[PDB]
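Visitor: Questions regarding the structure given below will be posed in turn.
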Amino acid sequence: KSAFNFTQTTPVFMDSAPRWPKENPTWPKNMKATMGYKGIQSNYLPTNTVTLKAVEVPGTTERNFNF
Amino acid sequence: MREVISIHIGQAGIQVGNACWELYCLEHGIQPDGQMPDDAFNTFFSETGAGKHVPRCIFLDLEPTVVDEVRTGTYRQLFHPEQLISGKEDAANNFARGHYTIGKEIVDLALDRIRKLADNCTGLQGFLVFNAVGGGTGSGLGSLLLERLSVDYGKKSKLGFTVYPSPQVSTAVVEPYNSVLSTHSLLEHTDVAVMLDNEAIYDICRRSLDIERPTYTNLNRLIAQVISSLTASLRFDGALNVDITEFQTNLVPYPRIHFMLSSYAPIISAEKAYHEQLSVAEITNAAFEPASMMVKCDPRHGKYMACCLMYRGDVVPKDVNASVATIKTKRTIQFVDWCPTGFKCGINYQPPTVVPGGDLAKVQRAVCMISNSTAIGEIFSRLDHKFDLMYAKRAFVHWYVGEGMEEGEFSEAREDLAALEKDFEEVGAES
Ligand SMILES: Nc1nc2c(ncn2[C@@H]2O[C@H](COP(=O)(O)OP(=O)(O)OP(=O)(O)O)[C@@H](O)[C@H]2O)c(=O)[nH]1
Ligand SMILES: [Mg+2]
């Protein structure tokens, strides 16, 4: 394992400077991306907003999608 | 969006309906012909494809003689003719006929209207019931109708503004009975039950309005001023907006105790309003005044478990919290131990409106109080006394049993009051 200079034995003499594809306080970490889910699933088109219900009747499926 | 469905049952139900619906058509500039010269009204109406705004209410009764007046009066182009449901014969001041004989064949016609009325509102806040406990239509149908509303809708909020039999003033002899039978059907089916008596509002007409010729057309004009002050937050912008759900949440401690009183203030003629200033602290003192109660009950015999307050007009919160602070120090006013709080206060920038030819005064400040007190166990005991006074002789029974009933219905509905009596002392535990 010579010609390799392993990390477990590299005195602080040897040390590396991190380069761009890596986070560091000097260069800016530009924006990232995530997936935002469909919305609240329903039987009509999924929506983000919750609405009132006329027929409450615990455990029943009644809506007025058409407004 | 913020939409409610108003119901009117019996005669008094529609005789207040002619007052409330004379108020809203006036409070939104709605001409009697439907039209006018958003959401300011969408609580109570619905535009059609042609100009008009039709109310989302239901006038239901077994007497054509009171419904046809609406069909002939100036407010006839308003209602969809189908909503004004009537009947061939009446209940004849008998709880049976309103519950077993006649009521059974028209409800389906009523419900098909309610269903057609539910879809047309996108968000339903809750039903409003204007009942008249003491007759056949008001009590018998109101009983049968409230049940069916619980099966079809369940936990939806149904308020109850039901005029109750008065101690002294009583225009009937059998109204003890059809009142008792009604209790179980309202208790287990209505969400909140405001009460008010025809006598209690008489004296308020005597002292305050000073109209020595009071009739029903006067009393109905008062209840309009209550609900307009109550549903202002549904259709008028104002600090501390308060809806129906917020209303019953912090007012009904137990599922059983949902009876409460009402008080409006100020109630002043058009001339003493010139001998006056009507400060927010003065009004709210006259609101908690027992003489300004809309029920013949005494608040100084019981304890306040919760109070609601709908102010209206040029009012700011700094003044509400200040006057309320005084009453909390007042010793005349008690409070049960387990509510150091006890006020849910509401404000509305829109002052109440006055009806031309009305008896109140144009004022820029008003207060409508509703309090859930335990003193209401009084007005609930006189009925317990008179019912047993007559039922010990089987008087008038052959009518009830002769129309598809038996005797058990009396004892059930009798005990339902007995159990409900002790609850009004249980909650006054103080330990
Ligand atoms: N505040 C108020 N109370 C009324 C009015 N009209 C009747 N009442 C009261 O209602 C109670 C009787 O009930 P009614 O509605 O008249 O009769 P009903 O309940 O429809 O039963 P039926 O006579 O069989 O049709 C009495 O106590 C009346 O004083 C009114 O216009 N305003
Ligand atoms: Mg009647």
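Chains: A, B, ... in order of the structure tokens. Residues: from 1 per chain. Ligands: from 1, in order shown.
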Only residues of chain B matter here; which ones have an atom within 8 Å of chain A, counting only C-alpha atoms? Give them as a ChimeraX atom specification.
Guide: /B:118-124,151-156
Visitor: Produce as an MDAnalysis selection string the set of residues near ligand 2, where near means within 8 Å with only C-alpha atoms and all ligand atoms considered.
Guide: chainID B and resid 10:12 61:63 90:93 135:138
Visitor: Restricting the calculation to only C-alpha atoms and all ligand atoms, which member of B:159, B:291, B:257, B:67 is positioned closest to ligand 1?
Guide: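 Among the listed residues, B:67 lies closest to ligand 1.
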Visitor: At what distance in Å, to one decimal, does atom CA of residue 351 of chain B lie from atom CA of residue 56 of chain B?
Guide: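 Going from atom CA of residue 56 of chain B over to atom CA of residue 351 of chain B covers 23.6 Å.
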Visitor: Taking only C-alpha atoms and all ligand atoms into account, name the residue in B:230, B:30, B:57, B:294 that is nearest to ligand 1.
Guide: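 Smallest distance to ligand 1 is found for B:294.
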Visitor: Can you work out which residues are within 9 Å of ligand 1, considering only C-alpha atoms and all ligand atoms, and then hand them over as an MDAnalysis selection string?
Guide: chainID B and resid 9:16 18 61:63 89:95 97:98 131:141 163:166 169:172 175 196:199 201 215:223
Visitor: Using DSSP secondary structure from the backbone, list all strand (DSSP E or B) positions within segment 269-391 of chain B, as a short mmCIF file (atom, residue, chain, number, x, y, z; two decimals) with N, CA, C and O atoms, in the first residue's frame.
Guide:
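The file below, selection-v2.cif, is the result:
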```cif
data_model
loop_
_atom_site.label_atom_id
_atom_site.label_comp_id
_atom_site.auth_asym_id
_atom_site.auth_seq_id
_atom_site.Cartn_x
_atom_site.Cartn_y
_atom_site.Cartn_z
N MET B 293 -83.60 40.76 29.98
CA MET B 293 -83.57 39.39 29.49
C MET B 293 -84.79 39.11 28.64
O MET B 293 -85.87 39.68 28.86
N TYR B 304 -73.51 32.01 36.17
CA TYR B 304 -73.16 32.09 34.76
C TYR B 304 -72.07 31.08 34.45
O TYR B 304 -70.99 31.12 35.06
N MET B 305 -72.34 30.18 33.52
CA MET B 305 -71.33 29.21 33.10
C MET B 305 -70.55 29.68 31.88
O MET B 305 -69.42 29.24 31.68
N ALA B 306 -71.13 30.56 31.07
CA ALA B 306 -70.47 31.13 29.90
C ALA B 306 -71.35 32.23 29.35
O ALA B 306 -72.57 32.20 29.51
N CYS B 307 -70.72 33.21 28.70
CA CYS B 307 -71.44 34.30 28.08
C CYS B 307 -70.81 34.61 26.73
O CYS B 307 -69.60 34.51 26.56
N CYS B 308 -71.65 34.97 25.77
CA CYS B 308 -71.20 35.45 24.48
C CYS B 308 -71.66 36.89 24.31
O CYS B 308 -72.61 37.34 24.96
N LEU B 309 -70.97 37.62 23.44
CA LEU B 309 -71.24 39.05 23.28
C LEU B 309 -70.99 39.43 21.83
O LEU B 309 -69.87 39.29 21.34
N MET B 310 -72.02 39.92 21.16
CA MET B 310 -71.90 40.43 19.80
C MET B 310 -72.12 41.94 19.87
O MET B 310 -73.26 42.40 19.95
N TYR B 311 -71.03 42.70 19.84
CA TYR B 311 -71.19 44.13 19.78
C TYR B 311 -71.34 44.58 18.33
O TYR B 311 -71.10 43.82 17.39
N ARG B 312 -71.75 45.83 18.15
CA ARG B 312 -72.09 46.30 16.82
C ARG B 312 -72.05 47.82 16.81
O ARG B 312 -72.70 48.46 17.65
N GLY B 313 -71.30 48.40 15.89
CA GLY B 313 -71.23 49.84 15.78
C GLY B 313 -69.84 50.38 16.04
O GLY B 313 -68.86 49.64 15.94
N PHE B 335 -70.33 33.60 39.11
CA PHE B 335 -69.80 32.72 38.09
C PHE B 335 -69.43 31.40 38.74
O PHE B 335 -68.82 31.38 39.81
N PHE B 343 -66.09 34.75 28.72
CA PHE B 343 -66.58 35.67 27.71
C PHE B 343 -65.91 35.38 26.38
O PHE B 343 -64.68 35.34 26.29
N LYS B 344 -66.73 35.17 25.35
CA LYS B 344 -66.28 35.18 23.97
C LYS B 344 -66.95 36.39 23.32
O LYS B 344 -68.17 36.40 23.12
N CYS B 345 -66.16 37.40 22.99
CA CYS B 345 -66.67 38.69 22.55
C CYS B 345 -66.47 38.86 21.05
O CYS B 345 -65.44 38.47 20.50
N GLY B 346 -67.46 39.46 20.40
CA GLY B 346 -67.39 39.71 18.98
C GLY B 346 -67.71 41.16 18.67
O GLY B 346 -68.46 41.82 19.38
N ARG B 365 -74.36 52.15 18.12
CA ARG B 365 -73.79 51.21 19.07
C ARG B 365 -74.90 50.30 19.58
O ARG B 365 -76.00 50.77 19.88
N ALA B 366 -74.60 49.02 19.71
CA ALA B 366 -75.60 48.06 20.17
C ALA B 366 -74.89 46.82 20.69
O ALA B 366 -73.75 46.54 20.31
N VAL B 367 -75.59 46.08 21.54
CA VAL B 367 -75.03 44.89 22.18
C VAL B 367 -76.10 43.82 22.24
O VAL B 367 -77.23 44.09 22.68
N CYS B 368 -75.76 42.61 21.80
CA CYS B 368 -76.65 41.46 21.91
C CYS B 368 -75.93 40.37 22.68
O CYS B 368 -74.99 39.76 22.17
N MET B 369 -76.39 40.10 23.89
CA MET B 369 -75.75 39.14 24.77
C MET B 369 -76.50 37.82 24.76
O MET B 369 -77.73 37.79 24.70
N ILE B 370 -75.74 36.73 24.81
CA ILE B 370 -76.30 35.39 24.95
C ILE B 370 -75.47 34.66 25.99
O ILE B 370 -74.26 34.50 25.83
N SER B 371 -76.12 34.21 27.06
CA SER B 371 -75.41 33.61 28.19
C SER B 371 -76.00 32.25 28.52
O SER B 371 -77.22 32.11 28.61
N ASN B 372 -75.13 31.27 28.71
CA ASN B 372 -75.54 29.94 29.14
C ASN B 372 -75.46 29.91 30.66
O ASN B 372 -74.40 29.64 31.23
N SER B 373 -76.58 30.17 31.32
CA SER B 373 -76.65 30.21 32.77
C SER B 373 -77.36 28.98 33.29
O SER B 373 -78.15 28.34 32.59
#
```
Visitor: Pull the helix (DSSP H, G or I) assignments for segment 130-204 of chain B out of DSSP run on the backbone, and list those residues as a ChimeraX atom specification.
Guide: /B:137-153,175-187,200-204
Visitor: May I ask for the distance between atom CA of residue 183 of chain B and atom CA of residue 381 of chain B, given in Å to one decimal place?
Guide: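 Going from atom CA of residue 183 of chain B over to atom CA of residue 381 of chain B, I get 12.8 Å.
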Visitor: Considering only C-alpha atoms, state which residue in the set B:244, B:226, B:109, B:181 is at the smallest distance from residue 158 of chain B.
Guide: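 Checking each candidate against residue 158 of chain B, we get B:244 as the closest.
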Visitor: Atom CA of residue 321 of chain B and atom CA of residue 245 of chain B, how far apart in Å?
Guide: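 Straight-line distance from atom CA of residue 245 of chain B to atom CA of residue 321 of chain B works out to 22.7 Å.
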